>>> print(open('work-v1.cif').read())   # mmCIF, C-alpha atoms
data_protein
loop_
_atom_site.label_atom_id
_atom_site.label_comp_id
_atom_site.auth_asym_id
_atom_site.auth_seq_id
_atom_site.Cartn_x
_atom_site.Cartn_y
_atom_site.Cartn_z
CA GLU A 1 50.98 7.41 -23.93
CA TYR A 2 47.83 8.45 -22.05
CA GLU A 3 45.41 11.13 -23.29
CA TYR A 4 44.66 13.91 -20.83
CA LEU A 5 41.54 16.11 -20.88
CA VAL A 6 43.94 19.05 -21.09
CA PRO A 7 47.70 19.29 -21.68
CA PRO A 8 49.61 18.10 -18.55
CA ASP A 9 51.33 21.45 -18.06
CA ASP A 10 47.97 23.20 -17.67
CA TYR A 11 47.27 20.81 -14.77
CA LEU A 12 50.73 21.43 -13.31
CA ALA A 13 50.47 25.18 -13.86
CA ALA A 14 47.29 25.07 -11.74
CA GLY A 15 48.85 23.07 -8.91
CA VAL A 16 46.38 20.20 -8.89
CA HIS A 17 49.32 17.92 -8.08
CA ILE A 18 50.63 19.79 -5.03
CA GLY A 19 49.42 18.13 -1.85
CA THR A 20 50.32 18.95 1.75
CA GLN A 21 52.90 17.90 4.37
CA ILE A 22 50.66 14.98 5.31
CA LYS A 23 49.58 11.80 3.54
CA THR A 24 46.87 9.39 4.70
CA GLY A 25 46.58 5.66 4.14
CA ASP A 26 43.56 6.19 1.88
CA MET A 27 45.46 8.54 -0.44
CA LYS A 28 48.50 6.30 -0.90
CA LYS A 29 47.31 5.02 -4.30
CA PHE A 30 47.16 8.59 -5.58
CA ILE A 31 50.53 9.90 -4.40
CA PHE A 32 53.27 9.92 -7.05
CA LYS A 33 56.26 10.93 -4.88
CA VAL A 34 57.33 13.58 -2.36
CA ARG A 35 59.10 16.81 -3.18
CA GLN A 36 62.18 18.43 -1.70
CA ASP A 37 60.06 20.84 0.34
CA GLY A 38 58.20 17.84 1.75
CA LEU A 39 54.89 18.24 -0.08
CA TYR A 40 53.36 15.08 -1.51
CA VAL A 41 52.61 14.99 -5.21
CA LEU A 42 49.29 13.61 -6.45
CA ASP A 43 49.13 11.65 -9.73
CA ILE A 44 47.84 13.79 -12.60
CA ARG A 45 47.07 10.63 -14.57
CA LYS A 46 44.87 9.39 -11.68
CA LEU A 47 43.10 12.74 -11.26
CA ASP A 48 42.38 12.95 -14.99
CA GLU A 49 40.89 9.45 -14.82
CA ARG A 50 38.54 10.30 -11.97
CA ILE A 51 37.47 13.59 -13.53
CA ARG A 52 36.38 11.69 -16.63
CA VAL A 53 34.55 9.11 -14.52
CA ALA A 54 32.91 11.69 -12.26
CA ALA A 55 31.74 13.71 -15.25
CA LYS A 56 30.05 10.75 -16.91
CA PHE A 57 28.66 9.77 -13.51
CA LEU A 58 27.19 13.22 -12.78
CA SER A 59 25.77 13.67 -16.26
CA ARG A 60 23.36 10.81 -15.63
CA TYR A 61 21.51 12.72 -12.93
CA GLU A 62 18.82 15.33 -13.48
CA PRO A 63 20.46 18.67 -12.43
CA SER A 64 18.63 19.69 -9.24
CA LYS A 65 19.20 16.16 -7.91
CA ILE A 66 22.94 16.93 -7.72
CA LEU A 67 23.98 18.93 -4.65
CA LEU A 68 27.46 20.49 -4.47
CA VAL A 69 28.80 21.55 -1.07
CA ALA A 70 31.73 23.76 -0.17
CA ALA A 71 32.53 25.80 2.90
CA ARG A 72 36.11 26.52 1.71
CA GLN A 73 36.25 30.11 0.49
CA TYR A 74 38.18 29.55 -2.75
CA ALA A 75 35.61 26.91 -3.68
CA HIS A 76 32.56 29.19 -3.76
CA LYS A 77 33.05 30.74 -7.19
CA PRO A 78 33.98 27.38 -8.78
CA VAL A 79 31.00 25.61 -7.21
CA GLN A 80 28.64 28.35 -8.41
CA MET A 81 30.04 28.24 -11.96
CA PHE A 82 29.73 24.44 -12.10
CA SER A 83 26.12 24.80 -10.96
CA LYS A 84 25.43 27.45 -13.58
CA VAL A 85 26.59 25.16 -16.39
CA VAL A 86 25.44 21.83 -14.99
CA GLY A 87 22.29 23.06 -13.25
CA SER A 88 23.15 21.43 -9.95
CA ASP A 89 21.92 22.78 -6.63
CA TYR A 90 24.59 24.00 -4.23
CA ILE A 91 25.37 25.20 -0.75
CA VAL A 92 28.48 27.33 -0.23
CA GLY A 93 29.32 28.69 3.18
CA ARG A 94 28.10 27.01 6.35
CA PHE A 95 26.08 23.82 5.87
CA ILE A 96 23.06 23.85 8.20
CA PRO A 97 22.94 20.65 10.23
CA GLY A 98 19.77 18.89 9.15
CA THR A 99 19.78 20.08 5.55
CA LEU A 100 19.49 16.45 4.36
CA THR A 101 17.94 14.61 7.31
CA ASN A 102 15.44 17.07 8.80
CA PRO A 103 12.32 17.56 6.67
CA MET A 104 11.26 20.39 9.01
CA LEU A 105 14.32 22.56 8.42
CA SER A 106 13.60 25.20 5.78
CA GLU A 107 16.79 24.35 3.86
CA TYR A 108 15.89 20.66 3.65
CA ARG A 109 16.38 19.13 0.21
CA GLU A 110 16.58 15.67 -1.32
CA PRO A 111 19.53 15.33 -3.70
CA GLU A 112 20.32 11.92 -5.22
CA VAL A 113 24.06 12.66 -5.09
CA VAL A 114 26.18 14.98 -2.94
CA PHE A 115 29.48 16.42 -4.18
CA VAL A 116 31.64 18.01 -1.47
CA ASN A 117 34.83 20.06 -1.76
CA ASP A 118 36.57 18.49 1.23
CA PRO A 119 35.37 15.44 3.22
CA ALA A 120 36.92 17.01 6.32
CA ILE A 121 35.64 20.57 6.12
CA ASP A 122 32.34 19.55 4.54
CA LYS A 123 31.96 16.60 6.95
CA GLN A 124 28.50 17.53 8.16
CA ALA A 125 27.24 17.15 4.58
CA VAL A 126 29.10 13.86 4.12
CA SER A 127 27.66 12.53 7.40
CA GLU A 128 24.07 13.34 6.50
CA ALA A 129 24.54 12.03 2.97
CA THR A 130 25.65 8.76 4.51
CA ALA A 131 22.76 8.63 6.97
CA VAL A 132 20.33 8.82 4.04
CA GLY A 133 22.38 6.53 1.82
CA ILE A 134 23.18 9.13 -0.86
CA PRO A 135 26.46 8.62 -2.82
CA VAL A 136 29.20 11.13 -2.08
CA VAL A 137 31.55 12.57 -4.66
CA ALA A 138 34.51 14.25 -2.96
CA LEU A 139 37.61 16.18 -3.98
CA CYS A 140 40.33 14.64 -1.80
CA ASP A 141 43.81 15.94 -1.01
CA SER A 142 46.74 13.97 0.43
CA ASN A 143 45.54 14.80 3.97
CA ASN A 144 41.95 13.65 3.44
CA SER A 145 40.74 10.16 4.18
CA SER A 146 38.10 8.74 1.85
CA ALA A 147 35.92 7.90 4.85
CA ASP A 148 32.36 7.96 3.62
CA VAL A 149 33.30 8.91 0.07
CA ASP A 150 31.98 6.84 -2.85
CA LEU A 151 33.88 8.56 -5.63
CA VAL A 152 37.29 10.06 -4.80
CA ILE A 153 38.69 12.79 -7.04
CA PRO A 154 42.40 12.98 -5.99
CA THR A 155 43.62 16.56 -6.18
CA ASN A 156 44.74 19.70 -4.37
CA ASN A 157 41.45 21.06 -3.02
CA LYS A 158 42.91 24.17 -1.43
CA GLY A 159 44.44 26.08 -4.31
CA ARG A 160 42.50 28.87 -5.98
CA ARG A 161 43.62 27.76 -9.45
CA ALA A 162 43.44 24.05 -8.56
CA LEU A 163 39.79 24.20 -7.58
CA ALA A 164 39.03 26.36 -10.61
CA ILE A 165 40.48 24.01 -13.24
CA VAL A 166 38.97 20.91 -11.67
CA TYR A 167 35.44 22.28 -11.33
CA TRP A 168 35.86 23.77 -14.83
CA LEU A 169 36.89 20.44 -16.41
CA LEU A 170 34.09 18.56 -14.65
CA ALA A 171 31.53 21.08 -15.88
CA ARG A 172 33.10 21.14 -19.35
CA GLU A 173 32.97 17.37 -19.81
CA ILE A 174 29.38 17.14 -18.63
CA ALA A 175 28.39 19.88 -21.07
CA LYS A 176 30.26 18.03 -23.80
CA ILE A 177 28.40 14.80 -23.01
CA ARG A 178 25.11 16.70 -23.26
CA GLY A 179 26.13 18.34 -26.50
CA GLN A 180 25.58 21.46 -24.46
CA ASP A 181 27.22 24.73 -25.54
CA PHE A 182 30.19 25.57 -23.26
CA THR A 183 32.32 28.70 -23.62
CA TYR A 184 33.87 29.31 -20.21
CA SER A 185 37.60 29.62 -19.52
CA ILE A 186 39.46 28.52 -16.42
CA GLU A 187 39.71 32.11 -15.28
CA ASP A 188 35.91 32.24 -15.30
CA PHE A 189 35.71 29.66 -12.50
CA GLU A 190 38.49 31.15 -10.31
CA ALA A 191 37.62 32.86 -7.04
CA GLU A 192 37.91 36.60 -7.42
CA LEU A 193 40.51 38.45 -5.38
CA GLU A 194 40.15 41.87 -3.80
CA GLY A 195 42.34 44.09 -5.95
CA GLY A 196 42.16 41.70 -8.86
CA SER A 197 40.49 41.77 -12.26
CA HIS A 198 36.94 40.83 -13.23
#
>>> encode(input="work-v1.cif", output="structure tokens")
Amino acid sequence: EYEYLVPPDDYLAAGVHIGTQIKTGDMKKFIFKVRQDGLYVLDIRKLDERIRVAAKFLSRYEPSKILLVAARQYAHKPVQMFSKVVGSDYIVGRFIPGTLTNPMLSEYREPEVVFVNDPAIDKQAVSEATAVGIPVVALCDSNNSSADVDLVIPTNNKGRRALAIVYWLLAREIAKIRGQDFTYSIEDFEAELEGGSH
């Protein structure tokens, strides 16, 4: 009886619900059940709730003051497409220690909010964000702890299609709040594969 941003099957067809073999204490509230193959299943209702909350939350910031971070390969394209639409700054690839706490570094910047792809892989960013006191928005999978995360978005943050649809929905809802024109499809946010289409 709950309204989803997109039809439930789209979410399921993307694999946002499929977690890993491991589940942390922090993620308990977001895990629906376990599957035969042993993979934990995240709650699509919960994810949909946080996407809506994160969108409204991120729309309140002036673009460049939002900094997305993702070292995970399949997250690059999605992060760049979210930044195109939203206007956020971003750092894909290796995060240079000091980017947020060393004014001397050339890459130094002062975002008001940091949004990482994985609190484990993008931990250097999370650490520095914490040191400065900047809120952290983080996509969290069953295996992630919500250590220094202020806004947890429970989802599979490893899947090519999972990342795509989540970054797409976030960007779409922010654009909708702004009354901003948005015409991208999910495929437009998906990492491109060698041998694939474009």
>>> residues_near_point(input="work-v1.cif", point="(31.0, 12.7, -13.2)", cutoff="12 Å", atoms="all atoms listed in the file", output="PyMOL selection string")
chain A and resi 48-61+66+82+86+113-115+136-139+150-153+166-167+169-177
>>> residues_near_point(input="work-v1.cif", point="(20.9, 25.7, 8.8)", cutoff="10 Å", atoms="all atoms listed in the file", output="ChimeraX atom specification")
/A:94-99,105-108
>>> atom_distance(input="work-v1.cif", atom1="atom CA of residue 79 of chain A", atom2="atom CA of residue 100 of chain A")
18.7 Å
>>> closest_residue(input="work-v1.cif", among="A:195, A:159, A:63, A:133", to="residue 78 of chain A", atoms="all atoms listed in the file")
A:159
>>> closest_residue(input="work-v1.cif", among="A:38, A:135, A:8, A:87", to="residue 21 of chain A", atoms="all atoms listed in the file")
A:38
>>> resolve_selection(input="work-v1.cif", expression="the PyMOL selection byres ((chain A and resi 89-91) around 6)", output="ChimeraX atom specification")
/A:64,67-69,88,92
>>> resolve_selection(input="work-v1.cif", expression="the PyMOL selection byres ((chain A and resi 192) around 12)", output="number ranges by chain")
A: 73-78, 160-161, 164, 187-191, 193-198
>>> write_last_selection(input="work-v1.cif", atoms="C-alpha atoms", output="CSV table (one decimal), in the frame of the given file")
chain,number,residue,atom,x,y,z
A,73,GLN,CA,36.2,30.1,0.5
A,74,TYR,CA,38.2,29.6,-2.8
A,75,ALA,CA,35.6,26.9,-3.7
A,76,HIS,CA,32.6,29.2,-3.8
A,77,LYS,CA,33.0,30.7,-7.2
A,78,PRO,CA,34.0,27.4,-8.8
A,160,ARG,CA,42.5,28.9,-6.0
A,161,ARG,CA,43.6,27.8,-9.4
A,164,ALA,CA,39.0,26.4,-10.6
A,187,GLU,CA,39.7,32.1,-15.3
A,188,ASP,CA,35.9,32.2,-15.3
A,189,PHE,CA,35.7,29.7,-12.5
A,190,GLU,CA,38.5,31.2,-10.3
A,191,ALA,CA,37.6,32.9,-7.0
A,193,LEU,CA,40.5,38.4,-5.4
A,194,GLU,CA,40.2,41.9,-3.8
A,195,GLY,CA,42.3,44.1,-6.0
A,196,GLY,CA,42.2,41.7,-8.9
A,197,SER,CA,40.5,41.8,-12.3
A,198,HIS,CA,36.9,40.8,-13.2
>>> atom_distance(input="work-v1.cif", atom1="atom CA of residue 155 of chain A", atom2="atom CA of residue 122 of chain A")
15.8 Å
>>> residues_around(input="work-v1.cif", residues="residue 25 of chain A", least_positions_apart="4", cutoff="10 Å", atoms="only C-alpha atoms", output="ChimeraX atom specification")
/A:29,142-146
>>> write_last_selection(input="work-v1.cif", atoms="C-alpha atoms", output="mmCIF file, keeping the file's coordinate frame")
data_model
loop_
_atom_site.group_PDB
_atom_site.id
_atom_site.type_symbol
_atom_site.label_atom_id
_atom_site.label_comp_id
_atom_site.auth_asym_id
_atom_site.auth_seq_id
_atom_site.Cartn_x
_atom_site.Cartn_y
_atom_site.Cartn_z
ATOM 1 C CA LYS A 29 47.310 5.020 -4.300
ATOM 2 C CA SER A 142 46.740 13.970 0.430
ATOM 3 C CA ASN A 143 45.540 14.800 3.970
ATOM 4 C CA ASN A 144 41.950 13.650 3.440
ATOM 5 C CA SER A 145 40.740 10.160 4.180
ATOM 6 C CA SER A 146 38.100 8.740 1.850
#
>>> atom_distance(input="work-v1.cif", atom1="atom CA of residue 182 of chain A", atom2="atom CA of residue 6 of chain A")
15.4 Å
>>> closest_residue(input="work-v1.cif", among="A:31, A:163, A:12, A:22", to="residue 70 of chain A", atoms="all atoms listed in the file")
A:163
>>> residues_around(input="work-v1.cif", residues="residue 20 of chain A", least_positions_apart="4", cutoff="10 Å", atoms="only C-alpha atoms", output="PyMOL selection string")
chain A and resi 34+38-42+141-143+156+158
>>> closest_residue(input="work-v1.cif", among="A:128, A:3, A:62, A:148", to="residue 112 of chain A", atoms="only C-alpha atoms")
A:62
>>> closest_residue(input="work-v1.cif", among="A:178, A:28, A:71, A:9", to="residue 44 of chain A", atoms="only C-alpha atoms")
A:9
>>> build_atoms(input="work-v1.cif", residues="segment 144-162 of chain A", atoms="N, CA, C and O atoms", output="PDB file, keeping the file's coordinate frame")
ATOM      1  N   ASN A 144      43.316  14.132   3.239  1.00  0.00           N
ATOM      2  CA  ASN A 144      41.950  13.650   3.440  1.00  0.00           C
ATOM      3  C   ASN A 144      41.886  12.134   3.422  1.00  0.00           C
ATOM      4  O   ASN A 144      42.659  11.474   2.726  1.00  0.00           O
ATOM      5  N   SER A 145      40.960  11.587   4.200  1.00  0.00           N
ATOM      6  CA  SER A 145      40.740  10.160   4.180  1.00  0.00           C
ATOM      7  C   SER A 145      39.491  10.060   3.303  1.00  0.00           C
ATOM      8  O   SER A 145      38.760  11.038   3.142  1.00  0.00           O
ATOM      9  N   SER A 146      39.260   8.904   2.704  1.00  0.00           N
ATOM     10  CA  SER A 146      38.100   8.740   1.850  1.00  0.00           C
ATOM     11  C   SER A 146      37.016   8.059   2.671  1.00  0.00           C
ATOM     12  O   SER A 146      36.296   7.203   2.161  1.00  0.00           O
ATOM     13  N   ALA A 147      36.890   8.476   3.929  1.00  0.00           N
ATOM     14  CA  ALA A 147      35.920   7.900   4.850  1.00  0.00           C
ATOM     15  C   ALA A 147      34.622   7.525   4.176  1.00  0.00           C
ATOM     16  O   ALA A 147      34.527   6.465   3.576  1.00  0.00           O
ATOM     17  N   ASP A 148      33.607   8.366   4.246  1.00  0.00           N
ATOM     18  CA  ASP A 148      32.360   7.960   3.620  1.00  0.00           C
ATOM     19  C   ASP A 148      32.184   8.549   2.231  1.00  0.00           C
ATOM     20  O   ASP A 148      31.124   9.078   1.890  1.00  0.00           O
ATOM     21  N   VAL A 149      33.248   8.422   1.438  1.00  0.00           N
ATOM     22  CA  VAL A 149      33.300   8.910   0.070  1.00  0.00           C
ATOM     23  C   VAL A 149      33.087   7.728  -0.887  1.00  0.00           C
ATOM     24  O   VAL A 149      33.679   6.663  -0.707  1.00  0.00           O
ATOM     25  N   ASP A 150      32.238   7.908  -1.896  1.00  0.00           N
ATOM     26  CA  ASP A 150      31.980   6.840  -2.850  1.00  0.00           C
ATOM     27  C   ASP A 150      32.784   7.028  -4.132  1.00  0.00           C
ATOM     28  O   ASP A 150      33.122   6.062  -4.826  1.00  0.00           O
ATOM     29  N   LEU A 151      33.092   8.275  -4.451  1.00  0.00           N
ATOM     30  CA  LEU A 151      33.880   8.560  -5.630  1.00  0.00           C
ATOM     31  C   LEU A 151      34.929   9.613  -5.260  1.00  0.00           C
ATOM     32  O   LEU A 151      34.607  10.785  -5.043  1.00  0.00           O
ATOM     33  N   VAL A 152      36.181   9.170  -5.162  1.00  0.00           N
ATOM     34  CA  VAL A 152      37.290  10.060  -4.800  1.00  0.00           C
ATOM     35  C   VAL A 152      37.954  10.713  -5.997  1.00  0.00           C
ATOM     36  O   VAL A 152      38.392  10.030  -6.918  1.00  0.00           O
ATOM     37  N   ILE A 153      38.020  12.041  -5.978  1.00  0.00           N
ATOM     38  CA  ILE A 153      38.690  12.790  -7.040  1.00  0.00           C
ATOM     39  C   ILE A 153      39.945  13.337  -6.376  1.00  0.00           C
ATOM     40  O   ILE A 153      39.901  14.371  -5.708  1.00  0.00           O
ATOM     41  N   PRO A 154      41.085  12.634  -6.552  1.00  0.00           N
ATOM     42  CA  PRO A 154      42.400  12.980  -5.990  1.00  0.00           C
ATOM     43  C   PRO A 154      43.006  14.251  -6.558  1.00  0.00           C
ATOM     44  O   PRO A 154      43.424  14.281  -7.719  1.00  0.00           O
ATOM     45  N   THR A 155      43.069  15.290  -5.737  1.00  0.00           N
ATOM     46  CA  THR A 155      43.620  16.560  -6.180  1.00  0.00           C
ATOM     47  C   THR A 155      43.833  17.552  -5.038  1.00  0.00           C
ATOM     48  O   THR A 155      43.403  17.330  -3.903  1.00  0.00           O
ATOM     49  N   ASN A 156      44.525  18.641  -5.344  1.00  0.00           N
ATOM     50  CA  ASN A 156      44.740  19.700  -4.370  1.00  0.00           C
ATOM     51  C   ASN A 156      43.358  20.363  -4.334  1.00  0.00           C
ATOM     52  O   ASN A 156      42.819  20.744  -5.376  1.00  0.00           O
ATOM     53  N   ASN A 157      42.762  20.442  -3.152  1.00  0.00           N
ATOM     54  CA  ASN A 157      41.450  21.060  -3.020  1.00  0.00           C
ATOM     55  C   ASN A 157      41.544  22.298  -2.140  1.00  0.00           C
ATOM     56  O   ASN A 157      40.607  22.645  -1.419  1.00  0.00           O
ATOM     57  N   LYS A 158      42.686  22.967  -2.213  1.00  0.00           N
ATOM     58  CA  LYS A 158      42.910  24.170  -1.430  1.00  0.00           C
ATOM     59  C   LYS A 158      43.283  25.340  -2.325  1.00  0.00           C
ATOM     60  O   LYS A 158      42.898  26.484  -2.068  1.00  0.00           O
ATOM     61  N   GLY A 159      44.015  25.042  -3.390  1.00  0.00           N
ATOM     62  CA  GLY A 159      44.440  26.080  -4.310  1.00  0.00           C
ATOM     63  C   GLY A 159      43.351  26.738  -5.129  1.00  0.00           C
ATOM     64  O   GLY A 159      42.456  26.078  -5.668  1.00  0.00           O
ATOM     65  N   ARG A 160      43.446  28.060  -5.227  1.00  0.00           N
ATOM     66  CA  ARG A 160      42.500  28.870  -5.980  1.00  0.00           C
ATOM     67  C   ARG A 160      42.427  28.426  -7.439  1.00  0.00           C
ATOM     68  O   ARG A 160      41.345  28.268  -7.990  1.00  0.00           O
ATOM     69  N   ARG A 161      43.577  28.203  -8.057  1.00  0.00           N
ATOM     70  CA  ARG A 161      43.620  27.760  -9.450  1.00  0.00           C
ATOM     71  C   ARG A 161      43.335  26.260  -9.590  1.00  0.00           C
ATOM     72  O   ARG A 161      42.843  25.806 -10.624  1.00  0.00           O
ATOM     73  N   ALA A 162      43.659  25.495  -8.550  1.00  0.00           N
ATOM     74  CA  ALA A 162      43.440  24.050  -8.560  1.00  0.00           C
ATOM     75  C   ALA A 162      41.959  23.761  -8.585  1.00  0.00           C
ATOM     76  O   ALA A 162      41.485  22.993  -9.418  1.00  0.00           O
TER      77      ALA A 162
END
